[PDB]
Amino acid sequence: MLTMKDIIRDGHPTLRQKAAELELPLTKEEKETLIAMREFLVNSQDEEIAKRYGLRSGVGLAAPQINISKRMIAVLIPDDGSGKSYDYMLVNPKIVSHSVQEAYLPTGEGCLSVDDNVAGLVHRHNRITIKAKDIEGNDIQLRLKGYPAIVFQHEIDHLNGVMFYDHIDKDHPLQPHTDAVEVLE
Ligand SMILES: CCCC[C@H](CN(O)C=O)C(=O)[C@@H](NC(=O)Nc1ccccc1F)C(C)C
Ligand SMILES: [Zn+2]
C-alpha cells in the first residue's frame with residue numbers, strides 16, 4: 001500500500017527529470033506499481049482510509065511522484081455529478097491535440113509532492129485529446145474537456161519534469177488570460 005511516505009517532495013531531482021517511456025507489455029512490477037498508484041487515489045478519497053493513513057486526497061498521481069521515472073499516470077476523478085467520472089491508468093500518455101482556448105481552476109492547483117499551497121492561476125488547454133496505452137498495452141484515446149483535461153495535463157506535466165507552479169505568472173499570479181475559461185472544481 002502506498003502512503004504519503006512514498007510521495008517524494010518538491011526539490012527531489014526525480015520530479016525534474018523527463019520520465020522514460022514504457023516498453024509494452026509492462027513488467028509485472030510495473031503493472032503492480034500502476035495498480036498501487038490508482039489504489040492510493042482510491043484510498044486518499046475514502047474518508048476513513050485517508051484519516052487512518054494520513055492520506056492527502058488526490059485525483060491524479062504520476063509515477064515520478066513515487067520516485068519512479070516512468071511514463072505512467074493514474075487519474076481518479078469522482079462523479080461531480082453530471083454522471084461523468086474518470087478512472088484511468090495510462091501508460092505513455094501523449095497529448096496529440098488540444099484547444100487554443102485555455103482553462104484554469106480559479107483557486108489554482110495543488111500537488112501531493114508540494115506541501116505549501118501555491119497561489120496563482122495555472123492556464124491549461126480547455127480541451128485535449130490524449131493517446132495512451134492501458135495497463136495491458138491496449139490502445140486508449142481520450143477526449144477531455146475542462147476539469148479532467150486540467151487534471152490529465154497536470155499529471156502529464158510530471159512526466160516532463162514540469163510542476164504546476166512553473167505556469168504561474170510571478171507579477172500577476174491571479175490575473176486570468178483573456179478569454180480563458182474558469183473551471184469549477
Ligand atoms: C489538478 C491536479 C491536482 C492533482 C493533485 C495530486 N497531485 O499532486 C498530482 O500530481 C490533487 O489531486 C489535489 N487534490 C484534489 O484535487 N483533491 C480533490 C479534488 C476533487 C475531488 C477529490 C479530491 F480529492 C491535491 C493533492 C492538492
Ligand atoms: Zn502534482
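Index from 1, following the sequence. Atoms within a ligand are numbered from 1 in the order they appear, just like the ligands themselves. Keep in mind that the numbers below use all heavy atoms, side chains included, and drop hydrogens, waters and symmetry copies.
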ask   = If hydrogens are left out, which of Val114, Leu41, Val59 has an atom nearest to atom 23 (C) of ligand 1, that is, the closest non-hydrogen atom?
value = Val59
message = Out of the candidates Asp166, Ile150, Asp157, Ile168, only one should pair with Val122 under the side-chain contact (heavy atoms from CB on, under 4.5 Å) rule; please name it.
response = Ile168
request  = Angle at the Zn ion (ligand 2): provide the value between NE2 of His158 and SG of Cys111, rounding to 10 degrees.
outcome  = 100°
inquiry  = Quick one: does any side-chain atom of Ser57 pair with a main-chain N or O of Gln45 as donor and acceptor, under 3.5 Å?
reply    = no
Option whose closest heavy atom lies nearest to atom 3 (C) of ligand 1, chosen from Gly110, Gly60, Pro148 = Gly110
task = Indicate if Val42 and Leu61 have the same hydrophobic cluster label, given that clusters are the connected sets of ILVMFWY residues with side-chain heavy-atom separations under 4.5 angstrom.
result = yes
request  = Any chance you could lay out the side chain to side chain contact (heavy atoms under 4.5 Å, CB included) test for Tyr104 and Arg124, step after step, and finish with the verdict?
outcome  = CA-CA 6 Å; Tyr104 64 92; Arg124 302 212 179 262; over 6 Å; no
task = Could you tell me whether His158 and ligand 1 have an N or O pair separated by under 3.5 Å?
result = yes
key: ligand 1 atoms in contact with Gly58 (distance to a heavy atom under 4.0 Å)   = 11 (C), 12 (O), 14 (N), 24 (F)
query = Does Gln65 reach ligand 1 with a nitrogen or oxygen that is under 3.5 Å from one of the ligand's nitrogen or oxygen atoms?
reply = yes
request  = Rounded to the nearest 0.5 Å, what's the gap from CD on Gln65 to CD1 on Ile73? Could you check?
outcome  = 10.5 Å
inquiry  = Out of all atoms in ligand 1, which are within 4.0 Å of some heavy atom of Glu185? Include the element for each.
reply    = 16 (O), 19 (C)
message = Does this structure show an ion pair linking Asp79 with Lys84, if we count only N-O contacts that are shorter than 4.0 Å?
response = no
query = Do other residues, nucleotides or ligands put more than 12 heavy atoms under 6.0 Å from the CD atom of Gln141?
reply = yes
ask   = Is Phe40 in contact with ligand 1, taking contact as a heavy-atom separation below 4.0 Å?
value = no
remark   = Of all protein heavy atoms, the one nearest atom 27 (C) of ligand 1 is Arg56 NH2, 3.3 Å
request  = Please work out which of the three classes, parallel, tilted or perpendicular, describes the rings of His154 and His158, given edges at 30° and 60°.
outcome  = perpendicular
query = To which of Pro64, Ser44, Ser57 does the heavy atom nearest atom 14 (N) of ligand 1 belong?
reply = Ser57
query = If you count the non-hydrogen atoms of other residues, nucleotides and ligands that lie under 6.0 Å from NZ in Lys131, is the total more than 12?
reply = no
note = Checking heavy atoms under 4.0 Å, the part of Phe152 that sits near ligand 1 is neither
query = Pick from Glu102, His98, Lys145: which one makes a side chain to side chain donor-acceptor pair (under 3.5 Å) with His125?
reply = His98
ask   = Do any N/O atoms on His154 end up under 3.5 angstrom from N/O atoms on ligand 1?
value = yes
inquiry  = Considering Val75, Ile7, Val151 one by one, which has a heavy atom nearer to atom 1 (C) of ligand 1 than any of the others?
reply    = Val151
task = Please confirm whether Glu155 comes within less than 3.5 Å of ligand 1 when only nitrogen or oxygen atoms on both sides are compared.
result = yes
query = Short list, please: which atoms of ligand 1 are under 4.0 Å from a heavy atom of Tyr147?
reply = 16 (O), 19 (C), 20 (C)
message = With nothing but distance in play, are any N or O atoms of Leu112 less than 3.5 Å from an N or O of ligand 1?
response = yes
